[PDB]
file input-v2.cif (mmCIF, C-alpha atoms and all ligand atoms)
data_protein
#
loop_
_atom_site.label_atom_id
_atom_site.label_comp_id
_atom_site.auth_asym_id
_atom_site.auth_seq_id
_atom_site.Cartn_x
_atom_site.Cartn_y
_atom_site.Cartn_z
CA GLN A 30 -65.93 94.98 38.80
CA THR A 31 -64.37 97.31 41.36
CA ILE A 32 -64.12 97.83 45.11
CA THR A 33 -63.62 101.44 46.18
CA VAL A 34 -61.62 102.44 49.22
CA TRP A 35 -61.54 105.98 50.63
CA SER A 36 -58.54 106.78 52.81
CA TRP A 37 -58.31 109.78 55.12
CA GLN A 38 -54.67 108.89 55.77
CA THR A 39 -52.22 110.16 53.18
CA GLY A 40 -48.46 110.17 52.62
CA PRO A 41 -46.29 107.04 53.16
CA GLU A 42 -49.13 105.11 54.81
CA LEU A 43 -51.34 105.69 51.79
CA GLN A 44 -48.69 104.08 49.59
CA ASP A 45 -48.61 101.05 51.89
CA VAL A 46 -52.41 100.85 51.71
CA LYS A 47 -52.19 100.78 47.92
CA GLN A 48 -49.58 98.03 47.75
CA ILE A 49 -51.47 95.84 50.22
CA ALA A 50 -54.69 96.37 48.28
CA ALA A 51 -52.94 95.54 45.00
CA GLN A 52 -51.71 92.22 46.45
CA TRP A 53 -55.15 91.35 47.80
CA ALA A 54 -56.64 92.14 44.39
CA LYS A 55 -54.25 89.82 42.53
CA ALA A 56 -55.66 86.88 44.48
CA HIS A 57 -59.32 87.95 44.50
CA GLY A 58 -59.65 89.33 40.98
CA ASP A 59 -61.62 92.42 41.96
CA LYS A 60 -60.12 95.74 40.89
CA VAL A 61 -59.46 97.94 43.92
CA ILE A 62 -59.41 101.72 43.71
CA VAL A 63 -58.01 103.85 46.53
CA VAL A 64 -59.02 107.50 46.82
CA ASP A 65 -57.21 110.02 49.04
CA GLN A 66 -59.84 112.08 50.89
CA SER A 67 -57.45 113.60 53.44
CA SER A 68 -57.64 117.03 51.76
CA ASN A 69 -61.40 117.08 51.14
CA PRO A 70 -62.68 120.42 52.56
CA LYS A 71 -65.87 118.68 53.71
CA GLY A 72 -63.76 116.81 56.26
CA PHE A 73 -64.26 113.42 57.89
CA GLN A 74 -68.04 113.79 57.90
CA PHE A 75 -67.99 113.87 54.10
CA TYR A 76 -68.49 110.10 54.27
CA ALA A 77 -72.02 110.54 55.58
CA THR A 78 -72.84 113.19 52.99
CA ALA A 79 -71.72 110.87 50.20
CA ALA A 80 -73.12 107.65 51.70
CA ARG A 81 -76.53 109.30 52.15
CA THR A 82 -76.90 109.75 48.40
CA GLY A 83 -75.49 106.36 47.43
CA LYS A 84 -72.17 107.83 46.30
CA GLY A 85 -70.08 106.37 49.12
CA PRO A 86 -67.11 103.96 48.98
CA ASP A 87 -67.28 100.26 49.79
CA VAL A 88 -64.51 100.56 52.38
CA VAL A 89 -63.25 103.46 54.49
CA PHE A 90 -59.71 103.48 55.87
CA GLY A 91 -58.18 105.86 58.41
CA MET A 92 -61.28 107.39 60.05
CA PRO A 93 -60.91 108.89 63.58
CA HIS A 94 -63.31 107.00 65.83
CA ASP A 95 -65.32 109.97 67.08
CA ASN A 96 -66.95 110.31 63.65
CA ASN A 97 -68.42 106.81 63.59
CA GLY A 98 -71.20 107.56 66.06
CA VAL A 99 -72.98 109.57 63.38
CA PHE A 100 -72.42 106.99 60.64
CA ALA A 101 -73.57 104.11 62.84
CA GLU A 102 -76.75 105.82 64.05
CA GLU A 103 -77.78 106.66 60.49
CA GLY A 104 -77.24 103.06 59.44
CA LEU A 105 -74.34 103.73 57.08
CA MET A 106 -72.04 101.12 58.65
CA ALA A 107 -72.12 97.33 58.47
CA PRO A 108 -71.60 95.82 61.94
CA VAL A 109 -68.30 93.97 62.30
CA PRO A 110 -68.96 90.26 61.68
CA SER A 111 -68.03 87.64 64.29
CA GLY A 112 -64.49 86.28 64.13
CA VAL A 113 -62.93 89.46 62.74
CA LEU A 114 -62.12 91.27 65.99
CA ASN A 115 -60.44 89.64 68.98
CA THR A 116 -61.04 92.21 71.72
CA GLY A 117 -58.21 90.72 73.76
CA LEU A 118 -55.55 91.90 71.31
CA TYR A 119 -56.11 95.60 72.10
CA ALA A 120 -56.17 97.86 75.16
CA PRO A 121 -59.71 98.09 76.59
CA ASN A 122 -60.12 101.78 75.71
CA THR A 123 -59.29 101.01 72.08
CA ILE A 124 -62.21 98.57 71.87
CA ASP A 125 -64.67 100.82 73.69
CA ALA A 126 -63.78 103.49 71.15
CA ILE A 127 -65.07 101.39 68.25
CA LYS A 128 -68.30 100.34 69.93
CA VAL A 129 -71.41 102.43 69.27
CA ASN A 130 -74.50 101.72 71.37
CA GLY A 131 -72.88 98.43 72.38
CA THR A 132 -72.14 97.22 68.85
CA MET A 133 -68.66 97.04 67.32
CA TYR A 134 -68.80 98.95 64.02
CA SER A 135 -65.17 99.36 62.99
CA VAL A 136 -61.70 97.88 63.22
CA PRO A 137 -58.93 99.77 65.05
CA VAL A 138 -55.73 100.35 63.09
CA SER A 139 -53.74 102.88 65.12
CA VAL A 140 -53.91 104.95 68.29
CA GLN A 141 -53.05 108.63 68.54
CA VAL A 142 -52.17 111.08 71.28
CA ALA A 143 -50.88 114.54 70.36
CA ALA A 144 -47.51 115.53 71.80
CA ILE A 145 -44.96 118.31 71.53
CA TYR A 146 -42.52 118.04 68.63
CA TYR A 147 -39.40 120.08 69.21
CA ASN A 148 -36.38 121.12 67.16
CA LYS A 149 -33.26 119.84 68.96
CA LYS A 150 -31.27 122.62 67.27
CA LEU A 151 -33.18 125.21 69.29
CA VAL A 152 -34.36 123.10 72.24
CA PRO A 153 -31.66 120.56 73.27
CA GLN A 154 -33.58 119.33 76.31
CA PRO A 155 -37.40 119.18 76.30
CA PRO A 156 -39.25 121.08 79.05
CA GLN A 157 -41.28 119.06 81.54
CA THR A 158 -42.68 121.73 83.85
CA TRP A 159 -44.58 124.87 82.91
CA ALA A 160 -41.69 127.03 84.12
CA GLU A 161 -39.21 125.39 81.75
CA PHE A 162 -41.79 125.53 78.96
CA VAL A 163 -42.31 129.29 79.30
CA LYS A 164 -38.53 129.67 79.21
CA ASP A 165 -38.16 127.66 76.00
CA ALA A 166 -41.26 129.20 74.41
CA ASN A 167 -40.24 132.83 75.04
CA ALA A 168 -36.76 132.06 73.72
CA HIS A 169 -37.39 130.00 70.58
CA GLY A 170 -41.13 130.06 69.99
CA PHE A 171 -44.21 127.87 70.31
CA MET A 172 -47.30 127.61 68.12
CA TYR A 173 -50.09 125.15 67.41
CA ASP A 174 -53.68 124.87 66.22
CA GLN A 175 -54.72 126.87 69.29
CA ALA A 176 -58.44 127.28 68.65
CA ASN A 177 -58.94 123.62 67.73
CA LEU A 178 -60.60 121.77 70.66
CA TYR A 179 -58.91 118.53 69.62
CA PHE A 180 -55.61 120.12 70.65
CA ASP A 181 -56.44 122.67 73.31
CA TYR A 182 -58.55 120.21 75.31
CA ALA A 183 -55.21 119.13 76.79
CA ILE A 184 -55.25 122.36 78.77
CA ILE A 185 -59.00 122.36 79.44
CA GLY A 186 -58.96 118.84 80.82
CA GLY A 187 -55.89 119.73 82.85
CA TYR A 188 -57.94 122.33 84.70
CA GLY A 189 -60.80 119.97 85.45
CA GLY A 190 -62.88 120.73 82.39
CA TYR A 191 -64.58 117.95 80.43
CA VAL A 192 -66.85 117.60 77.39
CA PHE A 193 -69.52 115.12 78.54
CA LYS A 194 -69.60 113.70 82.06
CA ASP A 195 -68.32 110.13 82.15
CA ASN A 196 -70.33 107.94 84.51
CA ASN A 197 -68.62 104.54 84.59
CA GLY A 198 -68.30 104.26 80.82
CA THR A 199 -71.63 105.90 80.05
CA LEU A 200 -71.45 109.47 78.76
CA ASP A 201 -74.05 112.02 79.84
CA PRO A 202 -74.57 114.45 76.93
CA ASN A 203 -76.60 116.63 79.31
CA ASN A 204 -73.69 117.17 81.70
CA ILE A 205 -71.26 119.38 79.78
CA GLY A 206 -68.22 120.70 81.65
CA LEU A 207 -66.88 123.27 79.22
CA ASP A 208 -68.08 126.24 81.28
CA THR A 209 -67.01 125.17 84.76
CA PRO A 210 -64.69 127.47 86.75
CA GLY A 211 -61.83 125.17 85.81
CA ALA A 212 -62.52 125.47 82.08
CA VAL A 213 -62.74 129.26 82.35
CA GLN A 214 -59.27 129.28 83.89
CA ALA A 215 -58.04 127.19 80.94
CA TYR A 216 -59.55 129.62 78.42
CA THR A 217 -57.78 132.46 80.25
CA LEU A 218 -54.41 130.75 79.86
CA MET A 219 -55.24 130.20 76.20
CA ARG A 220 -55.91 133.93 75.94
CA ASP A 221 -52.64 134.77 77.71
CA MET A 222 -50.57 132.77 75.23
CA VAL A 223 -51.49 135.52 72.78
CA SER A 224 -52.12 138.70 74.78
CA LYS A 225 -49.28 138.48 77.30
CA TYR A 226 -46.82 135.79 76.23
CA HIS A 227 -47.22 136.79 72.58
CA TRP A 228 -46.25 133.29 71.45
CA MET A 229 -49.04 133.41 68.88
CA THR A 230 -51.40 135.95 67.33
CA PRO A 231 -55.18 135.51 67.17
CA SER A 232 -54.53 134.49 63.55
CA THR A 233 -52.14 131.60 64.17
CA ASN A 234 -53.55 128.17 63.29
CA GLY A 235 -52.22 124.69 62.58
CA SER A 236 -51.09 125.56 59.04
CA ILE A 237 -48.95 128.50 60.15
CA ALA A 238 -47.54 126.65 63.15
CA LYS A 239 -46.48 123.70 60.96
CA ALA A 240 -44.93 125.94 58.29
CA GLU A 241 -42.99 127.91 60.91
CA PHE A 242 -41.70 124.73 62.54
CA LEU A 243 -40.65 123.23 59.21
CA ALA A 244 -38.72 126.42 58.46
CA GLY A 245 -36.84 126.11 61.74
CA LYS A 246 -38.25 129.36 63.09
CA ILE A 247 -39.97 127.96 66.19
CA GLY A 248 -38.64 125.38 68.61
CA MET A 249 -41.87 123.68 69.66
CA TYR A 250 -45.09 122.64 67.97
CA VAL A 251 -48.03 120.42 68.96
CA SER A 252 -48.76 117.68 66.45
CA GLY A 253 -49.04 113.98 65.68
CA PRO A 254 -47.53 111.17 63.52
CA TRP A 255 -49.39 112.62 60.52
CA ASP A 256 -46.58 115.21 60.32
CA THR A 257 -43.62 112.86 60.81
CA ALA A 258 -42.87 112.54 57.08
CA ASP A 259 -43.06 116.28 56.35
CA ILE A 260 -40.77 116.95 59.31
CA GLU A 261 -38.11 114.49 58.11
CA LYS A 262 -38.30 115.85 54.57
CA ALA A 263 -37.54 119.28 56.02
CA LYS A 264 -34.60 117.49 57.64
CA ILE A 265 -35.41 118.94 61.07
CA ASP A 266 -33.61 117.09 63.88
CA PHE A 267 -36.74 116.65 65.97
CA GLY A 268 -37.71 115.06 69.24
CA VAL A 269 -41.09 114.15 70.70
CA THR A 270 -42.11 114.95 74.25
CA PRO A 271 -45.37 115.01 76.20
CA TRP A 272 -47.20 118.18 77.20
CA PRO A 273 -45.44 119.78 80.18
CA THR A 274 -47.35 120.00 83.45
CA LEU A 275 -49.60 123.07 83.51
CA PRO A 276 -49.13 126.08 85.82
CA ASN A 277 -51.50 124.44 88.30
CA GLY A 278 -49.00 121.61 88.63
CA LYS A 279 -51.35 119.16 86.89
CA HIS A 280 -50.67 117.02 83.82
CA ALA A 281 -52.29 118.06 80.54
CA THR A 282 -54.95 115.65 79.27
CA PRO A 283 -54.77 115.19 75.50
CA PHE A 284 -57.42 113.20 73.67
CA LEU A 285 -56.81 109.60 72.70
CA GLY A 286 -57.85 109.03 69.11
CA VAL A 287 -58.34 105.63 67.49
CA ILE A 288 -57.93 105.44 63.71
CA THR A 289 -60.40 102.97 62.21
CA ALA A 290 -61.42 101.08 59.07
CA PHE A 291 -64.97 100.03 58.27
CA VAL A 292 -67.42 98.85 55.62
CA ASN A 293 -70.31 100.74 54.00
CA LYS A 294 -73.69 99.14 54.76
CA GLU A 295 -74.67 99.78 51.13
CA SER A 296 -71.73 97.85 49.67
CA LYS A 297 -72.88 94.74 47.84
CA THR A 298 -69.63 92.83 48.37
CA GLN A 299 -69.39 92.89 52.17
CA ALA A 300 -67.75 89.47 52.58
CA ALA A 301 -64.97 90.55 50.23
CA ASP A 302 -64.90 94.01 51.84
CA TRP A 303 -64.11 92.56 55.27
CA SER A 304 -61.42 90.30 53.82
CA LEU A 305 -59.82 93.44 52.40
CA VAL A 306 -60.19 95.29 55.70
CA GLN A 307 -58.43 92.43 57.49
CA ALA A 308 -55.51 92.73 55.08
CA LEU A 309 -55.30 96.51 55.56
CA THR A 310 -55.42 96.27 59.37
CA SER A 311 -53.30 93.19 60.15
CA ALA A 312 -50.22 93.04 62.36
CA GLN A 313 -48.08 93.05 59.20
CA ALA A 314 -49.90 96.11 57.89
CA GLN A 315 -49.53 98.00 61.16
CA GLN A 316 -45.78 97.33 61.12
CA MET A 317 -45.61 98.92 57.67
CA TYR A 318 -47.63 101.97 58.75
CA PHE A 319 -45.23 102.49 61.65
CA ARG A 320 -42.10 102.37 59.47
CA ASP A 321 -42.07 105.97 58.22
CA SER A 322 -44.71 108.09 59.97
CA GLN A 323 -44.20 106.34 63.32
CA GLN A 324 -47.94 105.76 63.57
CA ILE A 325 -48.51 103.83 66.82
CA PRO A 326 -50.16 100.46 66.14
CA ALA A 327 -53.48 99.59 67.80
CA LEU A 328 -52.49 95.92 68.21
CA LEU A 329 -50.73 95.35 71.53
CA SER A 330 -48.46 92.67 70.05
CA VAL A 331 -47.01 95.08 67.50
CA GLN A 332 -46.64 97.80 70.14
CA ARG A 333 -44.34 95.36 71.91
CA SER A 334 -41.91 95.09 68.99
CA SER A 335 -38.47 96.52 69.78
CA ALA A 336 -38.62 98.99 66.89
CA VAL A 337 -41.78 100.51 68.36
CA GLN A 338 -40.65 100.38 71.99
CA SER A 339 -37.54 102.38 71.14
CA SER A 340 -39.16 105.13 69.04
CA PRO A 341 -39.45 108.68 70.39
CA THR A 342 -43.10 108.80 69.33
CA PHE A 343 -43.99 105.71 71.35
CA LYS A 344 -42.08 106.96 74.40
CA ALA A 345 -44.13 110.17 74.54
CA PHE A 346 -47.27 108.09 73.95
CA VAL A 347 -46.61 105.70 76.82
CA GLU A 348 -45.88 108.57 79.22
CA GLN A 349 -49.14 110.39 78.39
CA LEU A 350 -51.44 107.40 77.91
CA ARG A 351 -52.82 107.18 81.45
CA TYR A 352 -53.72 110.89 81.30
CA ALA A 353 -55.29 110.76 77.83
CA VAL A 354 -59.06 110.95 77.44
CA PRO A 355 -60.73 108.96 74.66
CA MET A 356 -62.76 111.20 72.39
CA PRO A 357 -66.52 110.67 72.81
CA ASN A 358 -67.95 108.79 69.84
CA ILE A 359 -71.61 109.68 70.34
CA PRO A 360 -73.40 111.75 67.65
CA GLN A 361 -73.54 114.80 69.92
CA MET A 362 -69.76 115.14 69.81
CA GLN A 363 -70.11 116.62 66.32
CA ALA A 364 -72.17 119.47 67.78
CA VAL A 365 -69.12 120.20 69.90
CA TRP A 366 -66.68 120.39 66.99
CA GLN A 367 -69.09 122.71 65.14
CA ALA A 368 -69.52 125.16 68.05
CA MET A 369 -65.75 125.22 68.51
CA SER A 370 -65.29 128.45 66.54
CA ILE A 371 -66.17 130.38 69.72
CA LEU A 372 -62.71 129.55 71.08
CA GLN A 373 -61.19 131.85 68.49
CA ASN A 374 -63.29 134.72 69.85
CA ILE A 375 -61.98 134.05 73.34
CA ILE A 376 -58.40 133.92 72.08
CA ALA A 377 -58.87 137.10 70.06
CA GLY A 378 -60.37 138.89 73.04
CA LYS A 379 -63.70 139.54 71.32
CA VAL A 380 -65.39 138.01 74.36
CA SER A 381 -64.16 137.39 77.90
CA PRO A 382 -63.34 133.81 78.92
CA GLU A 383 -66.29 133.86 81.34
CA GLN A 384 -68.88 134.83 78.73
CA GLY A 385 -67.19 132.85 75.97
CA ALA A 386 -67.48 129.71 78.08
CA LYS A 387 -71.22 130.32 78.43
CA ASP A 388 -71.76 131.00 74.72
CA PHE A 389 -69.76 127.88 73.83
CA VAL A 390 -71.89 125.55 75.93
CA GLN A 391 -75.15 127.14 74.77
CA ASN A 392 -74.19 126.74 71.12
CA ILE A 393 -73.41 123.09 71.80
CA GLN A 394 -76.74 122.41 73.52
CA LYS A 395 -78.53 124.08 70.60
CA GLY A 396 -76.65 122.03 68.02
CA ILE A 397 -77.51 118.85 69.92
CA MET A 398 -81.17 119.87 69.99
CA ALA A 399 -81.00 120.34 66.22
CA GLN A 400 -79.86 116.73 65.83
CA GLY A 401 -82.32 113.88 66.21
CA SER A 402 -84.95 114.46 63.52
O1 LIG B 501 -60.57 119.57 64.79
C1 LIG B 501 -61.76 118.80 64.82
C2 LIG B 501 -61.46 117.35 64.47
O2 LIG B 501 -60.70 116.80 65.58
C3 LIG B 501 -60.30 115.44 65.39
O3 LIG B 501 -59.53 115.30 64.23
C4 LIG B 501 -58.12 115.09 64.40
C5 LIG B 501 -57.76 113.69 63.92
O4 LIG B 501 -58.36 112.73 64.78
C6 LIG B 501 -56.25 113.50 63.88
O5 LIG B 501 -55.94 112.24 63.30
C7 LIG B 501 -55.61 114.61 63.04
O6 LIG B 501 -56.09 114.54 61.74
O7 LIG B 501 -55.95 115.90 63.59
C8 LIG B 501 -57.37 116.17 63.60
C9 LIG B 501 -57.55 117.54 64.23
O8 LIG B 501 -57.05 118.56 63.38
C10 LIG B 501 -61.54 114.55 65.25
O9 LIG B 501 -61.14 113.20 65.05
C11 LIG B 501 -62.36 115.04 64.05
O10 LIG B 501 -63.53 114.26 63.89
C12 LIG B 501 -62.73 116.51 64.23
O11 LIG B 501 -63.39 116.99 63.06
#
call {"tool": "encode", "arguments": {"input": "input-v2.cif", "output": "structure tokens"}}
result
Amino acid sequence: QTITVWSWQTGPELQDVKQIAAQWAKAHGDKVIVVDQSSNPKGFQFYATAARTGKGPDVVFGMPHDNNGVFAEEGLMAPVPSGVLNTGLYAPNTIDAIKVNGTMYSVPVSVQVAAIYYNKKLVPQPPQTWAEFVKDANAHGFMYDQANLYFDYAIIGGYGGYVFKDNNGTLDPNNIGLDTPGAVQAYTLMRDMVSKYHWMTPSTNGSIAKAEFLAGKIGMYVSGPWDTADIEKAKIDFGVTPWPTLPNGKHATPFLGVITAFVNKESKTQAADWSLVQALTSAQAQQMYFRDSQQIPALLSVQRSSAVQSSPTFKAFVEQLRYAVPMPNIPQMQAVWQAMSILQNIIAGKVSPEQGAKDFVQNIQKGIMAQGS
């Protein structure tokens, strides 16, 4: 018979996943099939769509933790069995990220915090203050997936904005802070990056920004370890640096993302599934994933290895970590991602930042109301 694994991580890491699975299979006898879903237009939530109709995989690898709230609530995830996760081997925020309604539903594999990747050919020294940033941006260019909340939240949070109010670990989905005076100021700066700085056009997105950077046309770009391989293949002499402080003198607040692995509740071979998951998420595995893409391991013991401690990716990570905000993992967070398109209207000047902020929050509250039966 066969065990099917769906991976949302591609590139070098995918190859490591396949070799580890092959080795596990030689001992267990089950045939293991790995499918690359990273390019699926349906996105991360495609797992629920498939799992709802009994067409899902047995194991899922490389899923950003925010998505699991939906899967867990709909009963598409098998709870993590006892003895598999030792909460003491990870930072506390990493563990909270995999818990849904108090139950651990997935295993952490890596931790992510977006940073600024720069071309040392154009930008010898990375900017640290907004003043230096404007200087380097006007001179050699800057672009990123500007209307994607995952990335621009760094600015929003920097101005005091927030998605759901955090009350000592408990999120209040009724207290949204995306239309506070601070957020509006953030949206204005986002608008300015196009209308006055002219660093980007209302049309610029992640695809264009990445292509431009790989062609050596722009000096800075906001990204993550998922682009490490493509950058090295383009032989760009790059560096990694945290977001600069914003014009209000505050530090930007990027999201902290935890990449996870989990088991489908419908899978008939759950004992074997978890054994496989343990192999794909072990300390040895995490060392392999770090090798090429520089993916930061979730396990604290591997983070302490000298190879990791000395990498540019880890240095930026450690300097931004205390300012990073873990993405909410509750079901309502999906309503946020889906109402996100409004940001493009604000950036394009179709609506003012004031009104756009209001429309954004209203579309989120509506989407949330839609959820729940
Ligand atoms: O853009 C919405 C999207 O944001 C996050 O996805 C990240 C992902 O976590 C990163 O690993 C990388 O792939 O960049 C993505 C953003 O382009 C959320 O995790 C995801 O659920 C959401 O759809």
call {"tool": "residues_near_ligand", "arguments": {"input": "input-v2.cif", "ligand": "ligand LIG 501 (chain B)", "cutoff": "8 Å", "atoms": "only C-alpha atoms and all ligand atoms", "output": "VMD selection string"}}
result
chain A and resid 72 to 74 92 to 96 141 174 177 to 180 235 252 to 253 255 286 to 288 356 363 366
call {"tool": "closest_atom_pairs", "arguments": {"input": "input-v2.cif", "of": "stretch 210-241 of chain A", "to": "stretch 381-390 of chain A", "cutoff": "7 Å", "atoms": "all atoms listed in the file", "output": "tab-separated table"}}
result
residue	atom	partner	partner_atom	distance
A:213	CA	A:382	CA	5.7
A:216	CA	A:382	CA	5.7
A:217	CA	A:382	CA	5.9
call {"tool": "axis_aligned_box", "arguments": {"input": "input-v2.cif", "around": "stretch 80-91 of chain A", "padding_each_side": "4 Å", "output": "AutoDock Vina command-line options"}}
result
--center_x -67.5 --center_y 105.0 --center_z 52.4 --size_x 26.7 --size_y 17.5 --size_z 20.1
call {"tool": "atom_distance", "arguments": {"input": "input-v2.cif", "atom1": "atom CA of residue A:75", "atom2": "atom CA of residue A:391"}}
result
25.6 Å
call {"tool": "residues_around", "arguments": {"input": "input-v2.cif", "residues": "stretch 399-401 of chain A", "least_positions_apart": "4", "cutoff": "10 Å", "atoms": "only C-alpha atoms", "output": "list in words"}}
result
residues 360, 361, 363, 364, 393, 394 and 395 of chain A
call {"tool": "residues_around", "arguments": {"input": "input-v2.cif", "residues": "residue A:106", "least_positions_apart": "6", "cutoff": "9 Å", "atoms": "all atoms listed in the file", "output": "count of residues only"}}
result
9
call {"tool": "atom_distance", "arguments": {"input": "input-v2.cif", "atom1": "atom CA of residue A:136", "atom2": "atom CA of residue A:362"}}
result
20.2 Å
call {"tool": "closest_residue", "arguments": {"input": "input-v2.cif", "among": "A:342, A:39, A:130, A:123", "to": "residue A:355", "atoms": "all atoms listed in the file"}}
result
A:123
call {"tool": "residues_around", "arguments": {"input": "input-v2.cif", "residues": "residue A:302", "least_positions_apart": "2", "cutoff": "9 Å", "atoms": "all atoms listed in the file", "output": "PDB file with C-alpha atoms, in the coordinates of the input"}}
result
ATOM      1  CA  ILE A  32     -64.120  97.830  45.110  1.00  0.00           C
ATOM      2  CA  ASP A  87     -67.280 100.260  49.790  1.00  0.00           C
ATOM      3  CA  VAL A  88     -64.510 100.560  52.380  1.00  0.00           C
ATOM      4  CA  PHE A 291     -64.970 100.030  58.270  1.00  0.00           C
ATOM      5  CA  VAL A 292     -67.420  98.850  55.620  1.00  0.00           C
ATOM      6  CA  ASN A 293     -70.310 100.740  54.000  1.00  0.00           C
ATOM      7  CA  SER A 296     -71.730  97.850  49.670  1.00  0.00           C
ATOM      8  CA  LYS A 297     -72.880  94.740  47.840  1.00  0.00           C
ATOM      9  CA  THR A 298     -69.630  92.830  48.370  1.00  0.00           C
ATOM     10  CA  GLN A 299     -69.390  92.890  52.170  1.00  0.00           C
ATOM     11  CA  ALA A 300     -67.750  89.470  52.580  1.00  0.00           C
ATOM     12  CA  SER A 304     -61.420  90.300  53.820  1.00  0.00           C
ATOM     13  CA  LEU A 305     -59.820  93.440  52.400  1.00  0.00           C
ATOM     14  CA  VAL A 306     -60.190  95.290  55.700  1.00  0.00           C
ATOM     15  CA  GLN A 307     -58.430  92.430  57.490  1.00  0.00           C
TER      16      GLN A 307
END
call {"tool": "residues_around", "arguments": {"input": "input-v2.cif", "residues": "residue A:334", "least_positions_apart": "5", "cutoff": "10 Å", "atoms": "only C-alpha atoms", "output": "number ranges by chain"}}
result
A: 316, 329, 339
call {"tool": "residues_around", "arguments": {"input": "input-v2.cif", "residues": "residue A:239", "least_positions_apart": "2", "cutoff": "10 Å", "atoms": "all atoms listed in the file", "output": "PyMOL selection string"}}
result
chain A and resi 172-174+234-237+241-245+247+249-252+256+259-260
call {"tool": "closest_residue", "arguments": {"input": "input-v2.cif", "among": "A:105, A:248, A:128, A:171", "to": "residue A:151", "atoms": "all atoms listed in the file"}}
result
A:248
